[PDB]
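# need coordinates for the following:
(chains A, B, C, D, E and F)
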There are 6 protein chains.
Amino acid sequence: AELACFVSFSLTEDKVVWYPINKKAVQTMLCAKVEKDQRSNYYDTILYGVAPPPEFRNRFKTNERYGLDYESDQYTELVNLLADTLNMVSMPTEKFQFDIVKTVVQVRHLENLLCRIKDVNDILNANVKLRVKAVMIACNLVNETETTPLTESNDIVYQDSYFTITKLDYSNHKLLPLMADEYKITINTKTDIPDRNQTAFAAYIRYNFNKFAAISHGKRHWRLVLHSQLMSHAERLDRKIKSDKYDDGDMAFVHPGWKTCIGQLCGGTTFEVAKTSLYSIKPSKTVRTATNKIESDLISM
Amino acid sequence: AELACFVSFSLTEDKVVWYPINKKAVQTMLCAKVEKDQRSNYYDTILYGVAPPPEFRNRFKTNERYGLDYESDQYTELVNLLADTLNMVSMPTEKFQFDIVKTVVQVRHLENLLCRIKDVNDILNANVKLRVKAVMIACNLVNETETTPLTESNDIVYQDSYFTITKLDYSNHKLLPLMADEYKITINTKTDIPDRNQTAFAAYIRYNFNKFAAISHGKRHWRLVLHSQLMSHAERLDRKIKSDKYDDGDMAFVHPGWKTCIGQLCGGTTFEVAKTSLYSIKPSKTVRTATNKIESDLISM
Amino acid sequence: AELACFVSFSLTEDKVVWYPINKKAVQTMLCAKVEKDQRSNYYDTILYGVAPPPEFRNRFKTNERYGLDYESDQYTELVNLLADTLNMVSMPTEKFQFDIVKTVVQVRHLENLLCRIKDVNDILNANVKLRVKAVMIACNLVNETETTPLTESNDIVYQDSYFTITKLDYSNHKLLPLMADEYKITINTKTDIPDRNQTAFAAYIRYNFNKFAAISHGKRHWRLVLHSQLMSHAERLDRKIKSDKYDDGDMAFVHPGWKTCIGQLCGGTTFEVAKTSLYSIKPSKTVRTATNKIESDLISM
Amino acid sequence: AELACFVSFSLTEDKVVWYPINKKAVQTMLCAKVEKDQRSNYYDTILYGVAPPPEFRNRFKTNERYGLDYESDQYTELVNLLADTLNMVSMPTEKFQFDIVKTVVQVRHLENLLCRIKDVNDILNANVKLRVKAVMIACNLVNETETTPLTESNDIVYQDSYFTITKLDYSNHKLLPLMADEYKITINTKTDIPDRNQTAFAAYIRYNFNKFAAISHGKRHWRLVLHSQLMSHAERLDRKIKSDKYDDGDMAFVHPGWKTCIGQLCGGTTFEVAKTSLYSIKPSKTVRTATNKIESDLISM
Amino acid sequence: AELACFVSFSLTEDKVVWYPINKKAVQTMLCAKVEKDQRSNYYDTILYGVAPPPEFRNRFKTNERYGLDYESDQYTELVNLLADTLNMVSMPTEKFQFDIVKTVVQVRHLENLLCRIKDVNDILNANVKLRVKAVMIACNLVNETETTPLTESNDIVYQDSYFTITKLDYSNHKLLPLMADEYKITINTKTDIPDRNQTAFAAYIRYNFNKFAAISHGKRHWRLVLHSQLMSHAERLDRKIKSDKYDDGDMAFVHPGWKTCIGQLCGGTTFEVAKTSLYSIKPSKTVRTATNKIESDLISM
Amino acid sequence: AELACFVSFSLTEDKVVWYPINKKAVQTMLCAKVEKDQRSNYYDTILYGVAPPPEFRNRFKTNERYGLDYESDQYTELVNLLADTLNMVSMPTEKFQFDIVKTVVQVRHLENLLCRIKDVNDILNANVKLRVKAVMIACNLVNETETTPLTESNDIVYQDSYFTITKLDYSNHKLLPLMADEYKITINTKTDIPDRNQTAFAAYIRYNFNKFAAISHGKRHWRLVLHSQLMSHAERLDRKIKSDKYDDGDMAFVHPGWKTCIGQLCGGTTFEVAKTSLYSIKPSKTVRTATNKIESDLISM
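Numbering: from 1, shown residues only, chains lettered A, B, ... in the order given. Structure as follows:
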C-alpha cells in the first residue's frame, strides 16, 4: 500500500506535520461520490478528517476485495506508528514533495515491527531511535541494512555470533493476512564473516531448513523460502529488475540455482530461459559434506 | 505400567470378568498400611473397590514422582476401555493365568487409541472388532501386526497407497506426558510392496523428514526418530537382544546404519563395535538421486 | 431434627409409603397460622404438599435462627434419600407407629452419606443394600454396628487391615455447618482384633493425632476428638447415663482417661468426681515406647 | 541459582548499575550457538538485551529439565526486585568484583518475600529499607539475623513476645515449585529469652508440631521439618560444613538428636557415624513434662 | 387476547384437536396482505403453520404497540399449555362451536399458572386433573369456583385453615407486564366459614394490608387492591353490570364501601350516586377493636 | 465495637495521628499469645503493624462467634474513613486521653455512611466537612443533631419540607449483618415545625407505615420500628437510662405508648411496670381522623 493509505500531511508550519487516518474516514471515502479529476487528492470526510485519495481505494478491503483490513485495531496502531515516526523524522517543508505519499511500503513488515515495538522486552520498545530506523527501512523511505536489531520480526529461532534467523509468520497478521512458511536471515553487524562461520551456518541451514532455499533480493539480508516457491520469488525479482531503467553478499549459504538464475537476469537473459537454473545447480560438495557431518555427529555423540 | 494398574478381575463366571480401577481406590491403597506378605495382592479398599497390588505403587504419580496421572479424567477412560475390551475377548476362566495381570502395557499408545476411539470420524469409533484388536496390540496381549487401521494415532501426515505416516505427539498426554518428536509408518495391508513404491517412499521421507531415521523394533511397522536419538533406540533394542534366555521387513526406506548395526547385534557383535555402523553407513544413491529429484520437481512445477 | 422434618407418610397401601417434604412446603407452614390443637400434626400446605408438624419449626433455619438450611439443594437430596430408603425397608402398615416420625436423625452424618452416595467410585453409589443399612444406622432406626463399609465418610486418612480412619469435616456442610475438628475410627469387620494390631494402631494415632483422644459413645466405633473437647463429650455421655428410667470394645487405643472416667460413671460416681481421671491417667508405656519408636524409625529409614 | 541468572550489570558510571533479565533473552540464549570460551560471559541477545551466561543454562527449566520457571510472571517480579534492590544498595564500581554475580541466592526465600512485599498490610510493602535488608539476606549477600520483620514468609501461625512461627509453603511457588511441610521460627528481636519462655515455647512446639523437629543451620533462626526429613537436612549440613576450608543459640527447643549429630560433625566425625544420634537422643524430661502439662490443661480447664 | 391468539384447531377426528401457534406464524401473518373478506379466518402461513385471524393483530406487541410479547419463550409455553389442556378436555367435534375461539382469555392469570406448573414443588406440576381445571378457569371456559388449589399464584403470603393469600405480581411477566400491586384471597374449601374465623381474617388483613380493600367481582374469591384503585374496579364492575341484555360470598372481610356500593348498582342506582358509599362507609367496630388488639398483642408477647 | 478495634494512634507529633488497622494484624492478634497484664495495650504484630488490644478480641468474628467481619473489604473502608476523619479533626496531643479509643461506635451507622460517602451523587461524596460531621456523630464522639444531610442512610422513601424518611437496611451490610425492618425520620433543619405539618406527617406515617411505631432514644431524630419490637427497644432504653448516674421533641408522630412508658422510666418506675403502657395507650383521635382522611381521599379522588 502507498504511504497515503496511512497518513495525511500539512505544510503550514516549517516542518512537515503528519497525521493518522482512521477507519471511519476510509469508510466514508470509499462510499462518497468524487469527481474524477479529484481522485488524486486526499479526500475530506468533514466528520472524520482527511482520508486516502480515491486513487488508492483499491488497496482497502471490501466485502468482496482483498486488501488492508483498515477496520482492524492493527490499522490504528500502524497509522499512529507512522505519523509519529514521520513527524519525528521532521522533514523540512521547503523540500517536501507530494509524490512521497505514493511510496509503496511493506505492510506486513511494519505489522511485525508493531509486535516488536509493543513487546516489553524488545529493545525497540524503548529505543526511539532504532524504532525510527526500523520503520524508515520498512517504509522503503531509506536505504539501510536490515541488520538484526532492525529486522521486522523478533521470533528468534537461531542465533550465533554472526547471524540471526527470525520466523516470519503472517498467518495471524490482522492487516494483510497471509499463509507462507518464511524465515529471515539477518547479520548481527557489518563485520566480515569468515568462510569458517559461513560454511558452518550454510551446513546448519541445509539440515534444519532443508526444504527452504536462502535467497536475496539484493539487499544485505536473506529470506528462507520453500523450494516450491523459488520459481515465484524469481518471477517477482524479474519484474523488479525490469524496472530499474544487486549485492547478495556472496554468502556461502545462498541457493546456487537462485544465485545463477538472477545472475543471468541481470545480464539481459529472459526469465523463461533463466528460470531453468533454479533447479539445475547442485549444492557445493563442501556444504553437502558439512551437512552430512552435522547429521552423523548428532547420531554419533 | 502393568495391566493390574488399570483392571482387577473375577473368576466366578464362565469367562473372566474384568473391572475398572478408580482413582480413589488407588489414592487409598497408596496411603494404606499393608504387610509385606500382601504387597503383591490386589488391595481391597473397602470403600472404593479394588486397588492395584501395592507392589506397583512405583508406577503412579506422586507429589514428587513421575507416574500415571491416575487423578486424570483420562485414567477413568483408559480404565474403562481396558475392562470393556478384556471382557469382550471373553477369555476362559479355566485357562486364566494371574500372570497376564503383570503384562506391561503401552500406556501412551493406549492414550492415543482413546483419542481415535472418541473421534466420531474414526473407524474405531463404531467398529468394535477393530477397536478390540488395536487395544489388544497396544496391551502386548497379541502378536498381530500393527497395520494402519490399528495404529495408535489419527494424525495423518502422509498417505500413499501402501504406507501411512501418523504423528506421535505425547507432549499433550494427560497420563504420561513426553516430549519425544516421533512419527509412525505403518503399512495399510500385509501385501507385498513393490520396490518402485518402497523407493519412492524412501525418497519421500528423506526430503520431508530429513532430521529423522525410520527404524524398526522388529515388527512390521516403523518409527521416525531424531538422529540425535538413533543411539538410544539402538541401545534399547540391544538390551532387548540380551534377554534371550527381528523382521525389519527389509524395507528400502529403513535407515541403513540401523539396518546393519542391528544386523551385527543379531550375529553376536558387541554394541561397542556395531554402534559405529549407525552413522558410518550412507544411503543408496538411487535414493539420494530420488530425493534431489523431489526437490527439483518441487522447484519447477 | 426429627425424621418428620424430612418425610411424611401414607398408610393406604400394604406397606408404609413415605414422601419427600419440599422447601416451599416448609416455607409455607412456617408462615401459616395454626391453632394450638394442631401444631403436632403434619401440616397441609395445599399448594406444596405436606409440611412438617409446626411443633418442629424450631429445627429450621430462620433469618435469625440456626437450623436446617432447608432452602439448600442438599435438603432436597436428603429428603429424597430418606423417602427412597424408608420405602425399601417396606415396613408393614399394620405395625406402623407414628412415633417413628419423632426419631431424632443424625443430620450431619446423613449429609456425609449423601456425598458417599453421589460418588461414583464409592460402593454406596451402586450397592443399594449397603446404602439402606448405612442410612438406617444414620437415622437411629437400627441397632447395627457402624462398620467401615457403612461409615458416614469417604475421606480415608488411614487404613491398615483392621481399622480405617475417616475425616469428619462439617465445616462445609450446607445443612448444619460446624467447625468441630474430628475423625472417625471404624473396624472393617466385627472380627476379633489381635492385640499386636490394637497396640500398633494405638501407637499409630498417638504420633499422627497427638492432639486427639479416641473415645467411644458405647458402640463399636470411635471418634478422635480434641483434648480441648474431651470434657464436653464426657458430659454428654453423662447426661445420657442419666436418662436410664456401654461397649468400649475395650480397645487398646481408647483414651485411658476416658476409659476409666466412663467406668466410674457406670458404677455410680458423680461427674464431679470422675471428670478428674480424664486428664489424670497416663497411657501405657508399651504405647509410649511404641510411639517413640515410630518417630525414631521415621527419622532413619 | 546464581545472581547472574536474574540480573546483568554496567560499570560505566561511578556506581554499579544493575538491570533485569527477561524471559525472552533467557529463551534466545538457551537456543543460541555460543563458542565454549565465551560461556562465562553474559550473552547478548541483540533483540532482548543481556542474558545470563550459558555457563548457567542448567538453572533454567526446559521441556525436560527442572529449574527456574523463567517464563513465570514471578520471574519478572523477582528480576525487578533484585535490580532495584541492588542499584539502591549502590555499590562503588572501583570495588566491583565479577564473581559476585556467581553468588548463589535463595530463590524460594526471595519468592516468598515478593508475596510479603506485594502485600498491602505487610510492613515490607512500604519499608524500603527493611525490604532491602530482607532481600540482601535472601541473596546471601550479607550476614544479618533473619529476625521476624525480615523473615521470608508472613503466614503467621504462632506468635508470642519472643518468637514467631511462619508457614513456608512452596507448593504454589510459581518459580521453583516444591512440596515439603516446613515452618520457620524467628526471634522477634535480639533480646535474651528467659529459660521460662524458652521452655514454654519448647512445650508448645512439641504439642502443636509433634511431627517436626526444630533445627538450625547455624544462623539465628530455626526451621521445623518432618522427622522423616532430619536425615536429609543433616546430610546437607554435612557437605556445607565440609566446605568451610555454628551457633544454634542453645535454644531449649532445638531437637536433641540434631544438636548432638551436628556437634559431632563439627568435630571431624564422619556423617555415616553421626547420623545415628538423630534418632538416639530422648527429649529432656523438663520438656516432656511441660508437654504433658499443656495436654491435660487443655483436657482439664 | 382471544383463545385464537394461541391455538388453532382441526375437526377431522372424533374429538376436537388443538394446535400451538408459533411466533414465526404470527410474525408472518402480521406482515401478510390479507383481503378484508378473510381477516376473520385463521391465516395459513404456509411455511410456519396456522397464524391467528388477522382480525386480532391488535392483541400482539409491535415496535410501537403494547401487546402479547409473542416473541417471548413464555408465549411458546402458554401456547403449548393451552393446546395440551384443550386436547384433554376432548370436547366432541359434533358439538364444537367456532365461537369458543373468540373467548377472551386471562393472559396474566395463565402466565402465573405456567410458573405454578413448572414448579416441581407445586401440585400442578404432577397433578394433571387439577392443572386442567385451573387452566380452564383461567380461560373462562368453565364456571368452577377458583378455590386455593387452583389459584393463579404460588406466592403464599398467608394461610390459616380457611383462607390463603397469594401475591399477584405482574411486574415481571414476559407476556403482558404490569405494575398493579395486588394479592388474591381464595378459600381452601367451599365449606361454610365460621364467623369467628371470618372476623379474625378481617382483622388480620386490616393490620397486614391496611392500604388495601378486599373486593369481589362476583365469584367466591377476592382481590386486595389499593384504595387508590377502589374506584376503577368499581367502575369496571359497573360497565359489566351494564351489559345485561353477584355472590359477594357475603364475607365479613369484604370492604364495606364496596359491599354496599355494589349493592346499590344491582338495585338500579347510578354510579354517580353509589360511587360515594365506597369511601363513606366505616368498617365494623368489632373489626377495628379486633385489629387494634393485633397491634397490641404484637407489642407485648 | 470500641474505636480501638478500627484505629491505633501516635503521640510523637503535636497533633494526634491516627492509623488504620488491617485484617491481617487483627488475625495475627487473635492467635498470638499475650500475657494478661498486657491485653489492654494495642498489640504489635511486627509484620502487620498495630492491632486492637486483646481486651477487645470479643468484638471480632471467628469461625464460631458473631462480630465484625474484619476480613470484609468494608472493614478496610471503615478503617480508613475513620483514620482520615480523625487525623483531619486534628486533636492536640497535650489533651489526648487514652480512654477515647474505648469509645463505642455505631458500626452499622458508619457502614451506611460509607455507602453515602462512596455514592457519586450523595453530597457527602464531596463535602469533606459534612462527612466529618456525619462520622463524628456516628462515632459517638460529638453531640450534634443527626439532621438529614448527616443521616446514616440515603435511601430516601419520603420527603416533604420538614422531614425525611430513610430506609435502614442492614440485611446486606458486610460488617455486622442484621435483619430488621427499620426506617429513620430526620428533620431537614432545626426550624420549628407547625402542628399543621406535624399532624399531617403523623397521619402519613400511620397510613404508609402502620406496622411501625415512631420512637426516639432522646436525640432529635426518630426510628420507625415494628410493633413487635417496641418491647425490646424499650428494654434497651432502660439499661441506658440506668447508666446516666431526654428530648423526644414532643413531635406529634411519636408513639404514645412509648412516650408514656419512657416518661415513667425517667421517673424511677421499674421497667416491669412501665412496659405495660407500650400497648395501653390509644392514638389521639386527631391523628386517627387525619389517617382515615388520607384513605378515603385516596379512594375518592
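# what residues does the stretch 201-301 of chain A have near chain B?
Proximity of the stretch 201-301 of chain A to chain B is confined to A:207-208, A:210-211, A:213, A:226-228, A:230-231, A:257, A:275-276, A:278-279, A:282, A:295-300 under the rule Cβ under 8 Å from any Cβ of the partner chain. In short, each C-beta sits where N, CA and C put it, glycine included.
# redo that, cut-off 6 Å
Of all the residues in the stretch 201-301 of chain A, those in contact range of chain B (Cβ under 6 Å from any Cβ of the partner chain) are A:210, A:227, A:228, A:230, A:231, A:278, A:279, A:295, A:296, A:298, A:299, A:300.
# can I get those in CSV with neighbour count and secondary structure?
CSV is the format used below for these (neighbours: other Cβ atoms under 10 Å in any protein chain shown; DSSP: H, G, I helix; E, B strand; the rest coil):
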residue, neighbour count, secondary structure
A:210, 18, coil
A:227, 22, helix
A:228, 16, helix
A:230, 23, helix
A:231, 16, helix
A:278, 25, helix
A:279, 20, helix
A:295, 18, helix
A:296, 17, helix
A:298, 17, helix
A:299, 22, helix
A:300, 15, coil
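# nearest to chain D, of the residues you listed?
Sorting these by distance to chain D puts residue A:298 at the head of the list, at 14.1 Å, by Cβ to the nearest Cβ.
# OK, contacts around that closest one?
When contacts are counted by Cβ atoms under 6 Å, 6 or more residues apart in numbering or on different chains, residue A:298 touches B:227, B:228.
# if we use 8 Å, what do you get?
Contacts of residue A:298 were listed using Cβ atoms under 8 Å, 6 or more residues apart in numbering or on different chains, and they are B:226, B:227, B:228.
# ok, the residues you listed vs residue A:7, which is closest?
Nearest to residue A:7, judged by Cβ to Cβ, of the contacts of residue A:298 is residue B:226 at 49.5 Å.
# count the residues that sit near the closest one.
Neighbourhood size, residue B:226 [other Cβ atoms under 10 Å in any protein chain shown]: 17.
# for the one 3 residues further on, same thing?
Each residue near residue B:229 was counted by other Cβ under 10 Å, and the total is 18.
# so what's the residue count around the spatially closest residue to it that is not a sequence neighbour?
Counting by Cβ to Cβ, 6 or more residues apart in numbering or on different chains, residue B:180 is the residue found nearest to residue B:229 once chain neighbours are left out, at 7.6 Å. Using other Cβ under 10 Å as the criterion, residue B:180 is surrounded by 15 other residues.
# now swap in residue A:67 and tell me
Using other Cβ under 10 Å: residue A:67 sits among 17 other residues.
# nearest residue to it in space, ignoring adjacent ones along the chain?
With Cβ to Cβ, 6+ apart, the residue lying closest to residue A:67 is residue A:61, at 4.1 Å.
# list the contacts for the residue nearest to residue A:77 when sequence neighbours are not counted?
Counting by Cβ to Cβ, 6+ apart, residue A:114 is the residue found nearest to residue A:77 once chain neighbours are left out, at 5.2 Å. With contact set as Cβ under 8 Å, 6+ apart, residue A:114 has these partners: A:74, A:77, A:78, A:81.
# any idea which of the residues you listed has the most stuff around it?
Highest count within these by other Cβ under 10 Å belongs to residue A:78, 26 neighbours.
# quick check, it in a strand?
No. Secondary structure of residue A:78 (DSSP: H, G, I helix; E, B strand; the rest coil): helix, not part of a strand.
# surely it touches residue A:109?
No. At 10.8 Å, residue A:78 does not count as touching residue A:109 under the criterion of Cβ atoms under 8 Å.
# joint contacts of those two?
When Cβ under 8 Å, 6+ apart defines a contact, no residue borders residue A:78 and residue A:109 alike.
# for chain C, what's its nearest residue on chain A.
Ranked by Cβ to the nearest Cβ, the top residue of chain A for proximity to chain C is residue A:301, at 41.8 Å.
# how would you label that residue: helix, strand or coil?
Per three-state DSSP, the local secondary structure of residue A:301 is coil.
# need the contact list for it.
Contact criterion Cβ under 8 Å, 6+ apart gives no residues in contact with residue A:301.
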